[PDB]
Ligand SMILES: Nc1ncnc2c1ncn2[C@@H]1O[C@H](COP(=O)(O)OP(=O)(O)NP(=O)(O)O)[C@@H](O)[C@H]1O
Ligand SMILES: [Mg+2]
């Protein structure tokens, strides 16, 4: 007896009996929606589909559970929308390049035949989150963890080939599948939040040395348009030391999701040699797709990230970008007749953002294994003004700020990381890793910061004094700074040898620049800086990052030898 | 009832959002649906009473065919001159979002023959790239010049949004002269038209563009102007409701709405839609909501310089503010090197131009006057180019090698 | 009824403002009372129906005792781990304003062992002084370091307001390591908690603080963070009503509400409450409403410098922006002289640093390079100090006398 009484964009108000977070089928086409408010006999519903063309008298079909996601084999190397519907299957089922209104497809492949290898025997007792067995997912050991709900003794357990709906075990009268459904608005449980322990190693130097976060930490990547947010996130998604990579396309360009689909199968994981796609999951709700599904994609990718975390794996989530989620919330709030807060956004924006980043962390899983969820969030501040609510709210939630500079992007200095404004609040938790394996880089890191800072101060004097009218005790910082910038901080994402920078290459660059630094310092007064610069070297160090692993290591020796001081 | 042009209020049984209703002469679009109440926008100036109302069963749709090619229409797709295209297969003007799985990323350069574009920020087939112009700069001439050189085998679609007679006639007469109007379709919403016509202008143009490129297998070039007039039209409709406004009265969903237009483009296996949205930056402020949001959506932008224009330079394209995101995809190793040497040296030339304000010119580093010379020659020989001058990519390279030689910088010979 | 988390609307006979009402599992606070209508905030996430409602006869009150010491609680004072304190003598969490006649003005210095604090801007017992930090600076480490050295005989109360797990656990684990968690009480409101819990966090902490210090005769040190998160929580509740907003959506009574918290501290004949509110300056703008209003209320502030932090200096305390209003009360004649010579010479050193941008360093007055040297050494030897290094007030004086000597300035020996 349910009836739509109003249609206002992504908001539909309906009459009848509903629940506070119940999924509903809106209209004759049964469009997927979710109740978010109940005022008497009315229900306020956000529709994750296009609401245009909806008639008033149309019905609203009730369902049992809330908004969930299928957690099992069939996620890796695939692309899904905001509701976790397979975009490859959508294309084939419809034979069209466009996305239909209200298509209903199962998330995990129902026909794909997996091989299940049990890790538990008959008569064993099982807890929630226990690994009941494994499934090889194209080279990845997908650990079938039973729901936190499930406990008891194993009455039966099978082995061999099964589909996703077939029972592989029976525990206390109930069948156990290779997958389960979990509410995406509900953080998956774990035993204990663990201390930061290990540095989150990306492929990018500035994010590994200058402003690194710990495994399980979180970071914000804000910047104006064209600054480099997407590319930076994609670079992290490519080379990050992680078991599982989740890239969420939140309200952005379609081509950039396609871009991943074309390049990732071509690339190999440096740590395993395996193709990158087999560890990658793509969530795509582009800018011109249903705006309410932007929010869903955020929670969806988070729940999947927790899922693989609960298997005792390390997971990273890239959200590009979170501002589009904020726009969606702002829109819902408007239609709901809520009073706007700062810059139109609802007053509960900060808490909503918290519901995302607080999901991150290195934890003790229910099966007493160790897993971590690292969340990287891109922010798109209007006009590149960082003082806006979204950016500012985020900075009181995340562990580091990886700020992109409009001035640096203008110079084509990529990544355009502002090394002065950017920070990390997790250096003390990751320095132990470096203090052990590379004791001398702590000094060089401080040295690089000090040089860049001193070069910054000197730029005010230069513009109203003259760059060549300085002393050689000052010009050295402009000299060294340029080497640090063009040689270490900059990293060509679209170069073959430079795109990925392993710690070996990263540390060697630091060591050779430092080795060059102490040489120049003890050569002041004796030899002018002008004469020193004429002997190249500083130009040869800059180009080191463009050379291969073999070409690089030998050129280092050449530079070390070319440094002879005594002349 | 209730009526104040171009808005009317009336009672309907079960109102449909976006429903087309008929009066005596004109039509209307329902933009708000409460219970029995509804708000509708008139198609044009209507004097009569809002008595008898005929409700069409659906939202606004247009019949698609190749008949639009060679014709001039209004914002509703209706023929101005004459005389109705084949009324077959009606399509919702909003269309559908393209599955990114079904997409192919643009990798083929559409050479414009314009040095300031082709070298550093080339346009690719299926790419959406915008033009940012301060008030009074030859933005229209630039787009027209582009359309000549990149759409000789393609169908051109021009969506005129609220632009004065001076503007759209300039396009028409120029498509006529170059004989390219027979292979083109033009959709025009006058500055005094209903706001519902203005916002429908890009939608009907793209609905045809999607038909020609993805149902028929054609390469389409779509141009639209002015996107700032579009936002004004959208804000007018946004205001007519109870909608809570963002900054400057603009609707809070401006990004998504703009994205619902800019994203209707791209490359597939069958065809392609190359889209060039054009907008006037209010007060020459690129941080204004319209150019800002557009830059957050388009795959790059060509920024017109108020300074270069004062130097009598056409096209007044800012090499450093401009960007083509997908440019790298279609560039060769030699092409990438030339763009690199062009950008970094010109940028360094501008840096040397800034310090020339400090220590006088001729009283600086003898490489800083080299980059200074480089920047000047780039503006006066590379960037500066006649409206009727076409340059091959090799020609543009030669100019660079020439300039590099004159400036005492390393050149390839 | 009506329900959208964490807000509900319902009918009540004679609604009481601030009244606690009971549902099935969770409670609620009435924040608005018309005639028969009332608006209430849920204590947490509630899914059930708003059917049966049990109305407690009073507003939210907590039972006070010394049982809170050693325990960890939420924003409502409820025990997280376990396991309920002695439910005796309930107190309104808002408390009462202290009669200024019954007050004693703070005159005793609590030495922190931190040179950048103790010398020029010392903290006094019963004083309320805040920490202003730009995003990303070691604000939490500074407060923790302070708490070690000034609260060895005092009870520490930590009110965590909306801070991430990383933040409050940092405090807990640090109170555990230094064995100071057995002599402390911790109140925590998670970032996802109800806004009513967040604003109650400092109130329940101070209600206990007032009990321990003014009913029992103890010296209490209260720390709270983040006050910027508090304002956000208060604005969320302010928005849920019909309340007309001030700038940035913040309630117009933000000063008074903040004052209702900061003023709940001071010195009497029986005990004292030393309060250190901590806040993140949005966009590093001290003129933002939260740091501005806080500075209009607290008796000084320690301002963290984004510049000093870039110089790898901890603690990044700005000597000139920072202030301790009641500092003069506890300073001796020798102490006053050292603060004076420190402030005026460092300030003069910064002035000489500014003109060093004009006329180059080494090309200026031969007293201006002295103050320049002074400022540098102050930052690198006086201000800069290890997180585990404690300095006596004499030690800090010696450093000054040392720096003065190295800089060629008059020193006392
Ligand atoms: N590491 C890099 N190496 C080379 N080019 C880069 C690098 N990073 C960014 N770029 C360039 O920066 C330009 C803009 O990148 P992009 O990430 O799309 O900017 P953005 O607007 O900040 N992010 P988004 O809006 O989400 O696409 C691209 O054209 C890239 O070529
Ligand atoms: Mg993008």
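Every residue, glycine among them, receives a Cβ derived from its backbone with ideal geometry; neighbour counts consider all protein chains shown. The numbers here are math on the coordinates, done by the rules we state, and not lab data.
Reported to the nearest whole Å, the Cα centre-to-centre distance from the range A:293-370 to the range B:15-55 is 41. Note on the range B:175-203 and the range B:375-412: Cα centroid distance 36 Å, given to the nearest whole angstrom.
If I fit a long axis through the Cα atoms of helix C:227-240 and take the longest principal axis of the Cα atoms of chain C, what angle between them do I get, 0 to 90°, rounded to 10? Between helix and principal axis, roughly 30 degrees. Of the residues A:518, A:56, A:317, C:378, the one with the fewest other Cβ atoms within 10 Å heads the list, and the complete ranking is A:518, A:56, C:378, A:317. Within 10 Å of the Cβ of each residue in C:226-233, the mean number of Cβ atoms contributed by other protein chains is 3. Across the protein assembly as shown, counting alpha-carbon atoms alone, Rg and Dmax equal 33.5, 103 Å.
Nearest 5 percent is fine: what portion of the DSSP beta bridges confined to the range A:259-390 is antiparallel? Expressed as a percentage, antiparallel bridges in the range A:259-390 total about 45. Ranking of C:390, C:46, B:45 by neighbouring Cβ atoms within 10 Å, starting from the fewest: B:45, C:390, C:46. Placing a pseudo-label 7 Å from each Cα along the Cα-to-Cβ vector at residue A:406 and residue C:401 gives an inter-label distance of 5.3 nm. Using the Cα gyration tensor of chain A, with a ≥ b ≥ c the square roots of its eigenvalues, what is the shape: rounded (a/c below 1.5), prolate (a/b larger than b/c) or oblate (neither)? Prolate is the answer for chain A, as a/c is 1.5 or above and a/b outweighs b/c. Computed from label points 7 Å out along Cα-Cβ, the spacing between residue C:149 and residue A:61 is 6.9 nm.
Taking chain C as a Gaussian network, Cα atoms linked when under 10 Å apart, which of C:401, C:368, C:89 shows the biggest mean-square fluctuation? Residue with maximal mean-square fluctuation among C:401, C:368, C:89: C:89. Note on chain B: Kirkwood radius taken over Cα pairs, Stokes-Einstein applied at 37 °C and 0.692 mPa s, translational D equal to 143 µm² s⁻¹. Rounded, prolate or oblate for the range A:362-469? Axes are the square roots of the Cα gyration tensor eigenvalues, ordered a ≥ b ≥ c, and the cut-off for rounded is a/c under 1.5. Oblate, because a/c is 1.5 or more while a/b does not exceed b/c. The alpha carbon centroids of the range A:472-494 and the range B:325-346 are separated by 22 Å.
The ranking of B:343, B:186 by Cβ neighbour count inside 10 Å, starting from the fewest, reads B:343, B:186.
Across the range B:115-133, the residues whose backbone nitrogen lies under 19 Å from the label position 7 Å along the beta-carbon direction of residue B:311 are B:115-121, B:132-133. Of C:167, C:199, C:131, the residue with the greatest mean-square motion in the GNM of chain C, using alpha carbon springs below 10 Å, is C:167. For the residues of B:12-18, the average number of beta carbons from a partner chain within 10 Å of their own beta carbon is 6. Give the calculated FRET efficiency between residue C:411 and residue A:387 to the nearest 0.05, with a Förster radius of 51 Å applied to their Cβ-Cβ distance. It comes out at approximately 0.70. In terms of its C-alpha gyration tensor, the range B:122-215 has a rounded overall shape, because the principal axis ratio a/c (a ≥ b ≥ c, square roots of the eigenvalues) stays below 1.5. Estimated from helices alone, the mean residue ellipticity of chain B at 222 nm is -10000 deg cm²/dmol (sum of -39500 (n - 2.57) over DSSP H runs with n ≥ 4, per residue). Based on the Cβ-Cβ distance of residue A:193 and residue A:560, what FRET efficiency does E = 1/(1 + (r/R0)^6) give at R0 = 30 Å, to the nearest 0.05? Computed FRET efficiency for residue A:193 and residue A:560: 0.05.
For chain A, the 222 nm mean residue ellipticity estimated from helices alone, with every DSSP H stretch of n ≥ 4 adding -39500 (n - 2.57) and the total spread over all residues, rounds to -9500 deg cm²/dmol.
When residue B:215 is represented by a point 7 angstrom out along its Cα-to-C-beta vector, the spacings to that point in the other copies are 7.9 nm, nearest first. Springs join every pair of Cα atoms under 10 Å in this Gaussian network model of chain C, and among C:187, C:158, C:171 the largest mean-square fluctuation is at C:171. Distance from the C-onto-B rotation axis is smallest for the Cβ of the chain C residue given, in whole Å, as C:358, 8.
The mean number of partner chain beta-carbon atoms within 10 angstrom of a residue's beta-carbon across peptide B:254-264 is 5.
DSSP bridge analysis restricted to chain A gives an antiparallel fraction near 65%, rounded to the nearest 5. Within the protein assembly as shown, antiparallel bridges make up roughly 60 percent of the DSSP beta bridges whose residues both belong there.
With the simple model of a label 7 Å out from the Cα in the direction of the Cβ, residue B:344 to residue C:65 spans 7.3 nm. Once the C-beta distance of residue C:176 and residue A:547 is scaled by a Förster radius of 41 Å, the resulting FRET efficiency is 0.25 to the nearest 0.05. For chain A, take the longest principal axis of its alpha carbons; what is the angle in degrees between that and the long axis of helix A:549-562, to the nearest 10 within 0 to 90? The two axes meet at around 20 degrees.
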